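*Asks:* With the input below, show me the fold.
(chains A and B)
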Amino acid sequence: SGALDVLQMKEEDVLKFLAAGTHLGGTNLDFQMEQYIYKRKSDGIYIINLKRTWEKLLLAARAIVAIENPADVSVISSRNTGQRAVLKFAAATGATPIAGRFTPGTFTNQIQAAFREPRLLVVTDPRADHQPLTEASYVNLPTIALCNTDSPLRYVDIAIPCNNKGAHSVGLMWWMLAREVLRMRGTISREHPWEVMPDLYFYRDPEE
RNA sequence: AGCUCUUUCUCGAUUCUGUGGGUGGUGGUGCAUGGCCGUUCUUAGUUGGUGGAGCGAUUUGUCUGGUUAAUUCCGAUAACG
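*Replies:* Numbering: from 1, shown residues only, chains lettered A, B, ... in the order given. There you are, the coordinates:
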């Protein structure tokens, strides 16, 4: 990766990726998502490479580190699956969540009381949260998000591929994201098991 | 009706007369106007701020749907209050 094997993907994490079905990706493709895919099966389903997922995780996370204030890396998700995941993210690591409906004009107003000026964004799924992306390009925000095979790239600077159609793929990926930023900034580093797990970043899932 | 005329007393600077200038008018103009009233209109309509969309006139907000006597609420939502 960069450093020889003290940042490179371990044998452990491979099991978690495959158990959460992150490697699988939808039938439809884009021409900006061609390189991330390796190939197709004998059936409609296209298998994302996990090596290529891993490199994109790192500089994405390293950019979340690079800011000197952790209270203005505003995360956003509006899908139900991505509500519980982001809430733990921005609770654990200093960040600002915007859960549910966006309520437009919150990055360009001077009258609204939910007005904020962050630096980064971390979005789940471009085609549920298209609204904050358009407003990001009016006030110079860097942008990161989780793309799928059929999610187009536009007003995003870096992608973090994932299966993310509402799965354990979602919560696992947000957990891993918060794990990495702590290895560089925090004192959680040792790279041997963290107390917090991905078993509460997964969906609410209506119970009995 | 001393209004006028005949008649011949009375009042005393308040006046009369000329010019300049006022004043009054249910005189005109409601197509010069104020105010008031009627009517469009007894229906549910109306507007600005900041942001968004347009070269602009403008538009969004002030709504597909459900609901109410009612722009009355629920809900939706590039609009928010």
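*Asks:* tell me the centre residue of chain A?
*Replies:* In chain A, the centroid-proximal residue (Cα atoms, centre = their mean) is residue A:146; its distance is 4.7 Å.
*Asks:* Let me know whether that one touches residue A:163 as I believe.
*Replies:* No. If you go by Cβ atoms under 8 Å, residue A:146 and residue A:163 don't touch, sitting 9.6 Å apart. Bear in mind the C-beta positions are built from the backbone N, C-alpha and C, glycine included.
*Asks:* So which residues on chain A come close to RNA strand B?
*Replies:* A:101-105, A:108-112, A:131, A:134-135, A:138 (Cβ under 7 Å from any atom of the strand).
*Asks:* What is the neighbour count of the residue nearest to residue A:168 when sequence neighbours are not counted?
*Replies:* Excluding its sequence neighbours, the residue lying closest to residue A:168 (Cβ to Cβ, 6 or more residues apart in numbering) is residue A:20, at 4.2 Å. Neighbourhood size, residue A:20 [other Cβ atoms under 10 Å]: 20.
*Asks:* Relative to residue A:102, how far out is residue A:20?
*Replies:* Separation of residue A:20 from residue A:102 (Cβ to Cβ, to the nearest Å): 27 Å.
*Asks:* Please give me every residue in contact with residue A:49.
*Replies:* A:36-38 (Cβ atoms under 8 Å, 6 or more residues apart in numbering).
*Asks:* For the residue nearest to the centre of chain A, grab phi and psi.
*Replies:* In terms of degrees, to the nearest 10, the main-chain angles of residue A:146 are phi -110, psi 120.
*Asks:* Kindly report the same for residue A:207.
*Replies:* phi -90, psi 170.
*Asks:* That one: neighbour count?
*Replies:* Quick note: residue A:207 (other Cβ under 10 Å) scores 4 neighbours.
*Asks:* just residue A:127 next, same as before
*Replies:* 10.
*Asks:* Pretty sure it sits against residue A:151.
*Replies:* Yes. Using Cβ under 8 Å, residue A:127 is in contact with residue A:151, at 5.8 Å.
*Asks:* Identify the bridge partners of the residue nearest to the centre of chain A.
*Replies:* Beta bridges link residue A:146 to residue A:124, judged by DSSP bridges.
*Asks:* any idea how far RNA strand B is from it?
*Replies:* Distance of residue A:146 to RNA strand B, given as Cβ to the nearest atom of the strand, to the nearest Å: 20 Å.
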